[PDB]
Amino acid sequence: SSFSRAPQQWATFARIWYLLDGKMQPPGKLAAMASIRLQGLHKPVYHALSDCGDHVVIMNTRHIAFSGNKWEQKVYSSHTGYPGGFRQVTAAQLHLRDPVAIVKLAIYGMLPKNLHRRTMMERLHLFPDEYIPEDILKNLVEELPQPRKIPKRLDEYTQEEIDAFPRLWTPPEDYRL
Amino acid sequence: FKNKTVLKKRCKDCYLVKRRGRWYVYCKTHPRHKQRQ
Amino acid sequence: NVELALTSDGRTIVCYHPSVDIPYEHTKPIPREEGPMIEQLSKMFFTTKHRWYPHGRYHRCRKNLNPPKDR
Amino acid sequence: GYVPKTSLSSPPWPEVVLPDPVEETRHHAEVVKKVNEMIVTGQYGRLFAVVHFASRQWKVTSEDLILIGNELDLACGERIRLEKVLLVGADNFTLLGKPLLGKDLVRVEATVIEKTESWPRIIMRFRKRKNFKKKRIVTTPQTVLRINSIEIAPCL
Amino acid sequence: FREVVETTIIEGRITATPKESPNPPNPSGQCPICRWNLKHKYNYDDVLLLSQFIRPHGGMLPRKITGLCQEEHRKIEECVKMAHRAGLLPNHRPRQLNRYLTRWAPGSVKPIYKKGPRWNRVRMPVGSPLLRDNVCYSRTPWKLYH
Amino acid sequence: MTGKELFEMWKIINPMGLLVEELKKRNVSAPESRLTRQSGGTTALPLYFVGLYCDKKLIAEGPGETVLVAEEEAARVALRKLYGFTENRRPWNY
RNA sequence: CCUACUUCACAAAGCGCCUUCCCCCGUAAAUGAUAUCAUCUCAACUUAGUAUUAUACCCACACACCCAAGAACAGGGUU
Ligand SMILES: [Zn+2]
């Protein structure tokens, strides 16, 4: 409050840079978060015509995780336009080809199907690994919590935690195991 | 293999195994008994 | 950072929400051709090319030059 | 009843403990007294208020203009009290009614600045291949009210 | 637990064996899960629970030895398969796409080239139906098919 | 003057200098300009929030496109607060 | 593409000549639990097993005349 008109408007309608870490995250949940931010539906001043979308930088998109057998079952379909140009590629093959395609397509499908969609997609920055360009890193403002909490492995559990968990059963001594 | 909607063991050595998503009747003694679901 | 309190009769809710200042420790010191043009502008402003192309006289004359102003 | 700590052993949302009623009442009294003292000392600038007028709720402040979509049976320039004030708020505190604040707390006053008719609204009915076409023009009465002041009293 | 050692001469020696923790919450139960009040409160990612029924190389232990109910043995087996496919048991191995809740073996599912019409869509299974009865903490039921 | 802003009515130059003068009159040291929040620093539409601190205490912060503009406008906010002509001040009584 | 031959003739053609490069998966195995044997495994895991086509091609911001470039335009050359 007490700002001048132009600075106040600039602050209100400024676009913020968010960071998502895609490691072990479902591309769909990443895409939901990113699509909300790209549309600007996270802002109370939101309106379809106010162009109030924000920048989303998703890193480690190479390390996304699909639930179920989606890596093998989910099929991405495209057509080159030419006869016989129908191409159907499983998620695993598409991921091996382009380590950004799966998250990009998820976000593209979640965004509203209008002319603003590609302007929004211009504000989406996908990076396969931990590396991010220096200018993007300097732009970053906030990091969004990962939608899925990564379960711990036994190798990661501490011996104290293992001990704290009770033993469930008495194994017979005379067993090879 | 022979494609069958219902798999039936024929001799004693015909064994059912679910491989690559579907059931098979394999048989060492009588490979004629090979069946695929 | 809000304090909620019903009044004694329980008919009005009182919310105390003072504005919290940013700690000094949470701050940093102040540091001390058409095709290519449209590509450059699109890259600069993270938009698509379509925004930057001109519009016909019909659209330009349709635009309102004295729009109402509020506040 | 002890269940070993697993992913599904306890609800994902954090468990919540009801504060002891004695301390809850003490804290409530402290907050209410503090805000009442702020009101007494006039430690507030602009006040806004959500006020239920006509059929709608208006977010209002002093000097604001409000367009009611109906005539009010009031001469222009006549001063009025808006009695259904749902919310009154300042920079540092807000008071919420359940659902309405008491008359003793808040006094929102307005003035009938204008009595007008809305611009002509067109009602057009058309059905294809039925020779069904009807046109009507309706102008709604309107009253512009200016909110003059919002006063609060230390009656908490 | 007996282990066989070779030197040829081979012999079996019984080594240290863990025991059930003291004070089960529900003594006198059919299965360990019931004894410890875990009927519907463990998931594929509960490695601490799952590994207690796992051979050192990753295989499941027989139901006779474990004492588990039939249904609970099936649930544990399926949860263990899912944990292995999710990579949560890196040390229980015989000797790169991140997954989880994988019902089927990755090499046995064919791609869904022709998903059907809206009323006959071919859905991608997620998780296991064996866990359908788990504790529901969500307003909507958790979907087994995506 | 209803709805008007202090410096929309009273045109000033170098609000930072004017604020320094006022703080000298009040025997307060020169405020420290410090970057509270930032966004899109390297882009063509940055957002900078610059706050003025008096003895590690925030007196006023302001937004802007460049750091200089944000600092200038934070000085303007500080002047408004000192003069008591803030936006959320008590309305005029009629 | 035109050296020859042939239709022909400052060139266009074939009837003439030149060049054309990786795979796809059905199964067959290894170790191995559920079910201490066995078991290719919609168990974990190890091979045949590979598309993540490999490449190659193209990439110079800014009159007139002639041309193997061409309907116009465009393109190339004019030292
Ligand atoms: Zn047989």
Side-chain angles (χ1 to χ4, degrees), chain A residues 1-14 44-45, chain C residues 1 16-24 26-27 30 69-71, chain D residues 38 41-49 59-64 88-94 150, chain F residues 1-23 25-26 28 30-39 46-93:
Chain A
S1 187
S2 308
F3 301 155
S4 310
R5 272 87 168 94
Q8 173 64 79
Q9 193 272 346
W10 192 261
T12 297
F13 283 101
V45 299
Chain C
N1 296 351
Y16 182 60
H17 44 76
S19 47
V20 62
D21 284 355
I22 299 174
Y24 180 95
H26 290 208
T27 65
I30 293 294
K69 184 177 182 293
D70 193 38
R71 164 172 58 252
Chain D
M38 294 175 64
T41 53
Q43 286 174 34
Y44 53 88
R46 291 203 76 89
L47 294 173
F48 72 94
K59 200 273 188 181
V60 161
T61 186
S62 300
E63 315 160 351
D64 182 359
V88 62
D91 191 16
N92 298 318
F93 63 91
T94 56
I150 307 182
Chain F
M1 68 195 285
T2 57
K4 297 296 290 183
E5 194 257 323
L6 175 57
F7 306 129
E8 276 180 345
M9 296 183 281
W10 165 25
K11 304 296 187 291
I12 59 163
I13 304 294
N14 192 0
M16 178 56 73
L18 197 148
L19 172 65
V20 166
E21 297 314 300
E22 267 287 333
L23 287 182
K25 305 299 147 290
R26 297 162 190 267
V28 182
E32 199 194 346
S33 164
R34 201 158 175 82
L35 189 66
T36 66
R37 292 209 182 100
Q38 183 180 3
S39 178
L47 174 62
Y48 294 100
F49 267 84
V50 165
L52 312 180
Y53 281 83
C54 167
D55 311 319
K56 312 296 180 70
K57 181 176 73 67
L58 181 64
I59 75 188
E61 63 167 349
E65 311 90 7
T66 62
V67 186
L68 290 181
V69 168
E71 182 176 354
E72 187 264 334
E73 191 277 331
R76 289 183 181 276
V77 175
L79 286 176
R80 291 179 200 114
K81 284 183 173 184
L82 287 181
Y83 298 166
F85 199 84
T86 57
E87 187 180 338
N88 53 311
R89 76 194 180 273
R90 185 76 65 90
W92 199 279
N93 202 347

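Excluded from the calculations below are hydrogen atoms, water molecules and symmetry mates; all remaining heavy atoms, backbone and side chain alike, are included. Every chain is numbered from 1 and lettered A, B, ... according to where its sequence line falls, protein lines coming before strand lines.
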So which heavy atom on [X] is nearest to which on [Y], and how close?
| X | Y | answer |
| --- | --- | --- |
| F/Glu71 | F/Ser33 | CD-OG, 3.2 Å |
| C/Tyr16 | D/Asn92 | CD1-O, 3.5 Å |
| F/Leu82 | F/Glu22 | CD1-CB, 4.4 Å |
| F/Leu47 | A/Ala11 | CD1-CA, 3.9 Å |
| F/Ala74 | F/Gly62 | CB-N, 3.5 Å |
| F/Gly64 | F/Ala70 | N-CB, 3.7 Å |

Gap separating the [atom1] atom of [X] from the [atom2] atom of [Y], nearest 0.5 angstrom:
| X | Y | atom1 | atom2 | value |
| --- | --- | --- | --- | --- |
| F/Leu58 | F/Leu52 | CG | CG | 7.5 Å |
| A/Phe3 | A/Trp10 | CZ | CH2 | 15.0 Å |
| C/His17 | D/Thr94 | NE2 | OG1 | 3.5 Å |
| F/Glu5 | F/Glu87 | CD | CD | 8.5 Å |
| F/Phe49 | C/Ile22 | CZ | CD1 | 8.0 Å |
| F/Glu72 | F/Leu19 | CD | CG | 11.5 Å |

Answer whether the closest heavy-atom distance between the side chains of [X] and [Y] falls below 4.5 Å.
| X | Y | value |
| --- | --- | --- |
| F/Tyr53 | F/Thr36 | yes |
| D/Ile150 | D/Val88 | yes |
| F/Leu35 | F/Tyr48 | yes |
| F/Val20 | F/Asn14 | no |
| F/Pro63 | F/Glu73 | yes |
| D/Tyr44 | D/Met38 | no |
| F/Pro31 | F/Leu23 | yes |

With distance as the sole criterion, is a donor-acceptor pair present between the side chains of D/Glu63 and F/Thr2 under 3.5 Å?
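Looking only at side-chain atoms, F/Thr2 and D/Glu63 do not form any donor-acceptor pair under 3.5 Å.
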Under a plain distance cut-off of 3.5 Å, with no hydrogens placed, do A/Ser2 and F/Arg80 share a side-chain donor-acceptor pair?
no
For C/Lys69, does the NZ atom have more than 12 heavy-atom neighbours from other residues, nucleotides or ligands under 6.0 Å away?
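It does not: C/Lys69 NZ has 12 such atoms or fewer within range.
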Do other residues, nucleotides or ligands put more than 12 heavy atoms under 6.0 Å from F/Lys56 NZ?
no
Strictly distance-based, threshold 3.5 Å: is any side-chain N or O of [X] a donor or acceptor partner for the main-chain N or O of [Y]?
| X | Y | result |
| --- | --- | --- |
| A/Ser4 | A/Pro7 | no |
| D/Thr61 | D/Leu47 | yes |
| C/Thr27 | C/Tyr24 | yes |

Just say parallel, tilted or perpendicular for the rings of F/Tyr83 and F/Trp10, cut-offs at 30° and 60°.
parallel
Give a yes/no verdict on a cation-pi contact between F/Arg89 and F/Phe85, requiring under 6.0 Å between NZ or CZ and the six-membered ring centre and an angle within 45° of the axis.
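Yes; both conditions hold, so F/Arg89 lies above the ring face of F/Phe85.
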Ring-face cation contact, F/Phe7 with F/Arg76, 6.0 Å cut, 45° max
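Yes, a cation-pi geometry.
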